[PDB]
Number of protein chains: 4
Amino acid sequence: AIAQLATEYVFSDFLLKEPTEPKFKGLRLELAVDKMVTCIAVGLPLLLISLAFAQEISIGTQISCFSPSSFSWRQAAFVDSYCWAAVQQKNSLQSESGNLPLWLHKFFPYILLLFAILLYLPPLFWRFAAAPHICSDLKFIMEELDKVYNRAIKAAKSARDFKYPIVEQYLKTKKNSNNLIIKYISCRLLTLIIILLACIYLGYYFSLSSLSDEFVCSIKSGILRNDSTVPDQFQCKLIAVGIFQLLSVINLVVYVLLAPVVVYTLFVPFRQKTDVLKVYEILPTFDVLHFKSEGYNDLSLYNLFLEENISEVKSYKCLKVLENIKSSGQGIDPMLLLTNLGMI
Amino acid sequence: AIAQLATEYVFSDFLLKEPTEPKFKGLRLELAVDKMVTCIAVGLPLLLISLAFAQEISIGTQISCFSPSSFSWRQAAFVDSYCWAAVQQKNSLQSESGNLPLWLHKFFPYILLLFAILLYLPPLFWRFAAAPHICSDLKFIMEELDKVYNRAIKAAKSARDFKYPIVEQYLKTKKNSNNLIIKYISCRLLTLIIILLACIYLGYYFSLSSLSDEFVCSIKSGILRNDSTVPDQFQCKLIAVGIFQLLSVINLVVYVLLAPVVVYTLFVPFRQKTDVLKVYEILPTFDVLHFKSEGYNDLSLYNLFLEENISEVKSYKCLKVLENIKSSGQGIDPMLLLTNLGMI
Amino acid sequence: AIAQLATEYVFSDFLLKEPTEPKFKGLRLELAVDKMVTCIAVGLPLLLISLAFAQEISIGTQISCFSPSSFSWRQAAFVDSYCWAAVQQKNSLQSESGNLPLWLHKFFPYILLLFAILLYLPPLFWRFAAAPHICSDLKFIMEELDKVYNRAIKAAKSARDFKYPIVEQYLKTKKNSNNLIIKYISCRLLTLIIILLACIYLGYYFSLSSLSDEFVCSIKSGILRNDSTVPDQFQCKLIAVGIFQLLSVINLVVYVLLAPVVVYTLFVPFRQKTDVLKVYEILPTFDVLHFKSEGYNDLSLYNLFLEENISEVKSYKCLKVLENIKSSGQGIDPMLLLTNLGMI
Amino acid sequence: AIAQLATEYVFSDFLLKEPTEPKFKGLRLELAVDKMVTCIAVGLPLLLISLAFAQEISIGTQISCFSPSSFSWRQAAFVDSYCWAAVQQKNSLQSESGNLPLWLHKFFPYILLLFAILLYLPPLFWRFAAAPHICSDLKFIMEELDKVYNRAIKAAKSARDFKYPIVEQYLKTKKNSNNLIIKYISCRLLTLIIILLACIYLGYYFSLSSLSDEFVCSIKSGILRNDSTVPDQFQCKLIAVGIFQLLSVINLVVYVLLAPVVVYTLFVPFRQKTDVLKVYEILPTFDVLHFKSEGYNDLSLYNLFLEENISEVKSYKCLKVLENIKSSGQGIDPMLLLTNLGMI
Ligand SMILES: CC(C)CCC[C@@H](C)[C@H]1CC[C@H]2[C@@H]3CC=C4C[C@@H](O)CC[C@]4(C)[C@H]3CC[C@]12C
Ligand SMILES: CC(C)CCC[C@@H](C)[C@H]1CC[C@H]2[C@@H]3CC=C4C[C@@H](O)CC[C@]4(C)[C@H]3CC[C@]12C
Ligand SMILES: CC(C)CCC[C@@H](C)[C@H]1CC[C@H]2[C@@H]3CC=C4C[C@@H](O)CC[C@]4(C)[C@H]3CC[C@]12C
Ligand SMILES: CC(C)CCC[C@@H](C)[C@H]1CC[C@H]2[C@@H]3CC=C4C[C@@H](O)CC[C@]4(C)[C@H]3CC[C@]12C
Ligand SMILES: CC(C)CCC[C@@H](C)[C@H]1CC[C@H]2[C@@H]3CC=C4C[C@@H](O)CC[C@]4(C)[C@H]3CC[C@]12C
Ligand SMILES: CC(C)CCC[C@@H](C)[C@H]1CC[C@H]2[C@@H]3CC=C4C[C@@H](O)CC[C@]4(C)[C@H]3CC[C@]12C
Ligand SMILES: CC(C)CCC[C@@H](C)[C@H]1CC[C@H]2[C@@H]3CC=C4C[C@@H](O)CC[C@]4(C)[C@H]3CC[C@]12C
Ligand SMILES: CC(C)CCC[C@@H](C)[C@H]1CC[C@H]2[C@@H]3CC=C4C[C@@H](O)CC[C@]4(C)[C@H]3CC[C@]12C
Ligand SMILES: *[C@@H]1O[C@H](CO)[C@@H](O)[C@H](O)[C@H]1NC(C)=O
Ligand SMILES: *[C@@H]1O[C@H](CO)[C@@H](O)[C@H](O)[C@H]1NC(C)=O
Ligand SMILES: *[C@@H]1O[C@H](CO)[C@@H](O)[C@H](O)[C@H]1NC(C)=O
Ligand SMILES: *[C@@H]1O[C@H](CO)[C@@H](O)[C@H](O)[C@H]1NC(C)=O
C-alpha cells in the first residue's frame, strides 16, 4: 500500500543503516549532507516507481487497445499484449510522437531504477574503497586525542597535588596527500552529473504532449497480414503515463533542489570551518597549532569528518564546555579542567 | 515490486555477507574487487530475471495466439498453452527465424539463472576449499605481527627505563608453494570464460530480428489433425521478448565492462604493490627483509590479502602512522614508537 | 520468483547449516565433498521442481483438452480436470506412448521430491547415528593434542630456564574397529545407487517422443457414456512436459558428473593421505609413530575428519608453520617452538 | 510449493526441536528411534496432505459435475458445490461403490490429519508426564557420576603425590518401580495400534475401484424437484482421488516398514545391551556391580536413556577411551586415568 511504501522509504532507516560490523562502532563514515543527498536521490525514484503502480492509483493493466466488439476476450488480450511488445517494433505501430515516447512510457520504471542504481554506485564505491582508511585514521586520531587529554589532566592533577605531537604530525602529513579528497570530489561530481542527466530525461519525459501514450497498433504481420476480419489497426493507450509524468516532474523538482546541495558539497574547503581542533589548543600537552584550512587536500575532508563525528568524544565535549565557559572568562581553563575530572 | 527487487539485489548485502562463523572474525577472505565482480555477475542476471516479469512491466501471459472469434476462452487458452509447450516440438510450429530463437525466448530466465549459478560456482569453490587455509595462515601472521610489535615496544620501554623471524620464514616458505595462487587463477579464468560465453549468448539473443518472437503454431496433431472447424494455423507471439533483449544487452554491456576487471585480477603479481610489510622493517625485533614481489606464487596472493585486511591490525596502523610522520623526518622512529604506547 | 528460488537453494546456506547445538561447536561432522554431494543431489531436484512451475515459465494450467466451442467454460474445465484425474484410469484415455508416460508427466515433481528425500536419508542417518560418536572422539583427540602440545612447550620452557601416549593408543584401538567406516561406506553406496536409479529414470523420461504428453481423453463413463452431444474423445496435452524433460536432462547431467565423486569418496583409504599427525612427531612429549594408512577401518575415516577439521587447532597450526619453516632448515624445531609461545 | 513443503517437513527440524527450556539442557528425553518413528508417522501424512493440493499437481477445483451447455457458469458452480455438500446426503447421489468412498474421498485430508494427531498424542503425553521425572533422575545420575569420577581422580592424584554408592543404590531402587516403563510401553503400543489402523484404512482406500470418485448427483430436492429444464442427474467426478490413492499407498508402505521398528522398540529389555555402566567399574570409588539387565522394569529404560545421552559426559568419555585402550592392555587403568587429568 501507499502508506507501507512511505514507511519503508521515508519513515524507516532506508540506506540510513550504520555499518553492520564492529570495525566502525559509532563512526558515520559519511557526512550528514552526503547521506541525505544519497538517500533522497536513491529512495525517491524507487518510491515513485512503487507509487505509480500502487493498487489504488492503478486502474489495472498498463495498456488497452479497444478491440472490436466481435473480438473475444482473449483476442483483445492478444491485441493488447501484442501492442505492448510491439512498442519496440517500429513497423507495427504508427504514432505521431514517434516510438521513443512509447519506449519511455513502457520502461519508465526501468529508467528510474537505473538512475537510482547509478546514484547509489558512487556512495557504495566510497564506502567500499575510501571508507575503511578514513575510519582507521579517524579512530586513531580520536584515541590519540583521548590519550593526550588523559595525560594532560593527569599532569595537572599531579601538579596540584615523549610529549611528542604525534597527532599533529599525522594531520600535517595528511595535508600533503589528496587521494581521499580526489575520490570524494570524483564521486560527488559523478553523482551531480547523474542527477543532471536524470533532470534532462525527466524534463523531456514531462514535456511530452500527453497524447503520445495513445498509439496506433497493427497486428498485421505473419498469417494475419492479409486477414480480412481483423481491422487494419487499433487504438491503444498506455495507462499510467500521466502518473509517470507527474512523478517525473516531482523527481525533477527534487533533483534540481538537490543539485545545489551537491555543488556546495563539492567545495569542501569552504565547508572546512569552525575549527574542531582549536578547542584542544588550551591543553599543555597539545601543541598550539591548528594548521588546517585553505587546501584541496585530504586534511580538509578529515576536518569535516572530525567536525561530524567528534561529538562522541568525551574529552572533546569537556574541552568544548571549557571553551564555552571561557567566553565569560570568570574562571581559568586549567582550574576548570582539573575540577571537571573527566578522564573517562 | 521493482523497488523491492532493487533493495534486495543492489541496496542490500546480497552476497556481501561476511562468513557467519567465529572462525573468520573480521577476515574478508575475498578481495574487494573479486567480491564486486562476483556480486555483479551473479545479482545482475537475477535482477534482470526479476525485472522482466515484474507486475508492472508484464502485461500478462507470456504468449498469445489470437484464436478465432468462434473459439471459446478455454479453446484459446488451449491454443496458447499448446504453442507454449510446442516451441520445443519443431513439427508443430513453422517460424522463419527457426526454433532456436523460440527456445531462447521461452527459457531466457533459465539461461540467466544458469549463468548466475556458473559464475557463483568458482567463488563458492574458493570459499569452501582455499579460504580456510588462507584464513588460518593470515590469522597466524597477524598474531605474529602483533606479538613482535608488542615485544619490540616492550624492549624499547625497558631500554628507556629467541628473536627468530618466524613470520619471515613462513612467508619465505609460502614463496615456494603455489597451490593457492593456482586455484585463484583457475577460478578467475573460469569466471572470465563463463562471462565471455554469456556475452556471446547475449549478443546472439539481442541480434535477433525482434520478429522471431512471432511464430506460426498448428494444433493439428492427433484427432484434431483432420478436423475442419479448427484453422490450419495460428499467429502466436512471445510477449516480453523485447524486454528480454533489452535486459540481455544491458547484461552484455555490464559483462564486457567487467571482463577487463577479471583480466586485471588474473595478473596478481602486478597487483602486488605498496609493500604492506615495508612498514614493519623499522622494528628492531623484525628483520629488515621484505622479499615479496615478482612471482607467480602464493606469496603475492598473501601480500594482496594482507594489503586488503591488515587495516584491522592496531600494530600495523601504528607503524603506518609512524611511517607517514617519517616523511617529514622531524622526529625519530623509535622515539615515536615509545611515545605511542599502543601495545593493545 | 526464479531469483528467489536461486537465492534459497544455491546462494543460501541450504543444508549447509552447522549443527545448531553446543555439543558440536565448530565441528563439521561431515566432509566437504560429502556435504557438497548431498547439497547438490538434494537441492537440485527441488530447484528444478520450483523452476518448472515458476510464475514466468508456466503459461497456466498443466493440461488443456480443447473442448468444442459449444462447450461452456466449466464444461471444458470438467473435461480438463477429468482427464487430469484419468491419466491413471487406463480405460478413459488411449495414448500411443501408453499410460506410464502420462503418469510420469503428471507426477514428475513427486518423483524428484522422492529422489531428493531418498538422497537426504543417508546423510540424516549418518548425522543422527554415527555423528555424535565421531564428534565426541574427535573432540577428545583435539583436546589431547592441545594438552600434549602445552605440556611439551612447558617442558621446553622449563629446560630453557605419566608421559603416556593416550591419544596414540586410542587411535591404534580405532584401527581395529570398523563400524563407523562400514556405516559411512554403506550410506555412500546407497547414495550412489539412488543417484544411478535417478539417472536411469531421468534418461527414460527425457527419451520420450515429446508427443506422449498429448493423449486422447474420453469422458464417456457413467450417464455420459451414451450421451450424444458430447464428442467421443478430446485432444488433451500435458503442458510443461518439455520443461520437465529439459530439467530432467539437466539433473541427469549433474548426477552423472556427481557419481564419480561418490565413487571416489567410497575409496576412503586412497583419500587418506597427507598425514595430519606427521607434524606432531617432532614434539618430545609425543611418540614418533603415525601408524595410520592402508586400512578399511575407522582409522582412515578419523584421519580424513582430522585433516578436514584440524585447522581450528592452534597447536596444529603452530606445528604446521614449524614444519613449513623446517623445509629450509635454517633454524631448529625446538627453538622455533619455544620462540612461538603459542600455549593458548 | 512442493520444495517448500519438503524443506519444512523433511529437511527442517520438524518435531526435532529440543525442549525450549533451561530444565533440559542437552537432554534428548526421547530415544533416537522413537523420535524418528514419531517424526515419520506425523510429518508423512502432513506432507502428503500438502502435496495432494500443491499448486502444480492440482488442476483446480476438487469436483466437476459437467452441467449442460445451456447452464450458466454459476448454475454449474451451484451444481458442483451442491454435489460436494451432498456426498454426505445419500438420497441426492447414487454411486455404484456407495457413499463411504465419497466420504473418504472428500475427507481424506481430515483423516490423515486425524492419524497424525493421534500418533503425536502419545509422544506428547510422554513428554508432558514421564519426561520431567526421567530428566531430573538422569541429571542427578550424571552429576553423581561426574562427582565420583572427580573424587576417584583426586584420590589417585593424592596417592601418587562417606564413599557410599548412592548412584548404585538409586539404580537398584529403580529396578523395582516400573511406572515409567509401563507408560513407555503403553504409549508405544498405542502408537503401533494407531499405525495398524491407519494401514488398514489406507489399504481400503487404495483398494477402491478408482471409479468410485465418479458419482451421479441429483439437484432435485425442494422447488427444483419437479423442475423440467434441469436434468434429472449429473456426472460428477472427485478430482485428486488418484493422487489421494497414490499418497495413501505411499503412507501404507512407510507405516508397514515402520511398524517392525515400533515392535522392536516395545521389547526394551532386548535393546538393553552394551552396558554403559560397565566402563565405570574400574574406578576405585565406584563399586564393581552393574546389576542392570533382564527386567521389565524402569531400570532397562534408564539404561537405554543413559546409553543414548551419556556421550555428553566428559568422565564417561574418558572412561570409555581408557576401556578402549585396555583392549591392548599395554598400560594400566589407574595410570592412564591419572595421566588423563580430565576432572573438568
Ligand atoms: C540519461 C541521458 C543519456 C538522457 C539524454 C537525453 C534524452 C532523455 C533525450 C532528450 C532529447 C532527446 C533527443 C531530442 C531529439 C532527437 C531528434 C530525433 O530525430 C532523434 C532523437 C533525438 C536525438 C532525441 C534522443 C533522446 C534525447 C537526447
Ligand atoms: C537540470 C535542469 C537544467 C533541467 C531542466 C529541464 C530542461 C533541460 C528541459 C525542460 C524542457 C525540455 C525540452 C522540451 C522539449 C524539447 C523539444 C525536443 O524536440 C528536443 C528536446 C527539448 C528541447 C527539451 C530539452 C530539455 C528541456 C529544455
Ligand atoms: C554458453 C555458450 C555455450 C553459448 C554458445 C553460443 C550460442 C548462444 C549460439 C551463438 C551462435 C549459434 C550458432 C549460429 C549458427 C548455427 C547454424 C545452424 O544451422 C545451427 C545452429 C548454429 C550452429 C547456432 C548454434 C547456437 C550458437 C552457437
Ligand atoms: C565478449 C564480446 C566479444 C561479445 C560481443 C558480442 C559478439 C560476439 C556478438 C554480437 C553480434 C553477434 C553475431 C550476430 C549475428 C550472427 C549471425 C548468425 O547466423 C551467427 C552468429 C552471429 C555471427 C553472431 C555471433 C556473435 C556476435 C558477433
Ligand atoms: C527408480 C527406479 C525404480 C526406476 C526404474 C526404471 C524406470 C524409470 C523405467 C525404465 C525402463 C522402464 C521399462 C521399459 C519397458 C517396459 C515394458 C512394458 O511392457 C512394461 C513397462 C516396462 C517394464 C518399463 C517399466 C518402467 C521402467 C523400468
Ligand atoms: C547412469 C547412466 C548410465 C545413465 C544413462 C542413461 C541411460 C541408462 C538411458 C538413456 C536412454 C535410455 C533408453 C531410452 C529408450 C529405451 C526404450 C524403452 O523401450 C526401454 C528403455 C530404454 C532402452 C532406455 C533405457 C535407459 C537409457 C539407456
Ligand atoms: C481407523 C479405523 C477405525 C478404520 C477401520 C476400517 C475402515 C477404514 C473400513 C475397512 C473395511 C470397512 C467395512 C467393509 C464392509 C462393510 C460392509 C458394508 O455393508 C457397511 C460398511 C462396512 C462395515 C465397512 C465399514 C468401514 C471399514 C471397517
Ligand atoms: C498392517 C497391514 C497388515 C495392512 C495391509 C492392508 C490390508 C489390511 C488391506 C489391503 C486390501 C484390503 C481389502 C481390500 C478389499 C476389501 C473388500 C471389502 O468389501 C472389505 C474390506 C477388504 C477385504 C479390504 C480389507 C483390508 C485389506 C486386506
Ligand atoms: C497474404 O496475401 C497477399 C495477397 O496479396 C500475399 O501477397 C501475401 O504473401 C500473403 N501473406 C501470407 C503471410 O501468406
Ligand atoms: C484424419 O483423416 C485423414 C483423412 O485423410 C486420415 O488420413 C487420418 O488418418 C485421420 N487422422 C486421425 C487421427 O484419425
Ligand atoms: C446407455 O445407452 C446404452 C444403449 O445401448 C445402454 O446399453 C447403456 O446401458 C446406457 N448407459 C447408461 C449408463 O444408462
Ligand atoms: C412438484 O410437482 C409434483 C407434481 O407431481 C408435486 O407432487 C410436488 O409436491 C411438487 N413439489 C414442490 C416442491 O412443490
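Shown for chain B, in order and in Swiss-Prot numbering: 2-162, 191-373.
Cβ from N, Cα, C; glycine included.
Database features (Swiss-Prot):
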MOD_RES   B:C40  S-nitrosocysteine
TRANSMEM  B:41-61  transmembrane segment
TOPO_DOM  B:62-106  topological domain 'Extracellular'
DISULFID  B:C66-B:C265  disulfide bond
DISULFID  B:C84-B:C246  disulfide bond
TRANSMEM  B:107-127  transmembrane segment
MOD_RES   B:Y199  phosphotyrosine
TRANSMEM  B:218-238  transmembrane segment
TOPO_DOM  B:239-266  topological domain 'Extracellular'
CARBOHYD  B:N255  N-linked glycosylation site
TRANSMEM  B:267-287  transmembrane segment
MOD_RES   B:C347  S-nitrosocysteine
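Location within the structure of each feature annotated in Swiss-Prot.
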residue : record                      : DSSP (3 states)
B:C40   : S-nitrosocysteine           : helix
B:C66   : disulfide bond              : coil
B:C84   : disulfide bond              : helix
B:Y199  : phosphotyrosine             : helix
B:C246  : disulfide bond              : strand
B:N255  : N-linked glycosylation site : coil
B:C265  : disulfide bond              : strand
B:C347  : S-nitrosocysteine           : helix
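Nearest Cα neighbour of B:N255 (N-linked glycosylation site) among the listed disulfide-bonded residues (B:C84, B:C246, B:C265): B:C246.
The CA atom of B:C265 (disulfide bond) is located 8 Å away from the CA atom of B:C84 (disulfide bond).
Proximity to chain C, taken as a Cβ less than 8 Å from one of its Cβ atoms, holds for B:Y199 among the recorded positions B:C40, B:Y199, B:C246, B:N255, B:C265, B:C347. A Cβ distance under 8 Å defines the sequence-distant neighbours of the transmembrane segment (B:267-287), meaning residues of its chain 6+ beyond its ends; these are 38, 41-42, 45-46, 49, 52-54, 58-65, 103, 106-107, 109, 113, 224, 227-228, 231-232, 234-235, 237, 239, 241-244.
B:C347 (S-nitrosocysteine) has its Cα within 10 Å of the Cα of none of the recorded positions B:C40, B:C66, B:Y199, B:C246. Residues distinguished by a CB atom under 6 angstroms from ligand 6 are absent from the recorded positions B:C40, B:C66, B:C84, B:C246, B:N255, B:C265. For the recorded positions listed here (B:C40, B:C66, B:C84, B:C246, B:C265), the lowest count of other CB atoms within 10 A around the CB belongs to B:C40. Chain A comes within the C-beta cut-off of under 8 angstroms for the following of the recorded positions B:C66, B:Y199, B:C265: B:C66. Taking a C-beta cut-off of under 8 angstroms and a sequence separation of 6 or more, B:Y199 (phosphotyrosine) has the following same-chain neighbours: B:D138, B:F141, B:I142, B:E145. Here the recorded positions are B:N255, B:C347, and the one ringed by the most other CB atoms within 10 angstroms is B:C347. B:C246 (disulfide bond) sits 8 Å from B:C66 (disulfide bond), taking the CA atoms of both as reference points.
The two recorded residues B:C84 (disulfide bond) and B:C40 (S-nitrosocysteine) have their Cα atoms spaced 37 Å from each other. Distant neighbours of the topological domain 'Extracellular' (B:62-106): 112, 234, 237-238, 240-250, 258, 260, 262-270, 273; these residues of the same chain sit at least 6 beyond its ends, with a Cβ under 8 Å from one of its Cβ atoms. Taking the C-alpha positions, the distance from B:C40 (S-nitrosocysteine) to B:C66 (disulfide bond) comes to 39 Å. Proximity to ligand 10 (Cβ under 6 Å from any of its atoms) holds for these recorded positions out of B:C40, B:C66, B:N255, B:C265: B:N255.
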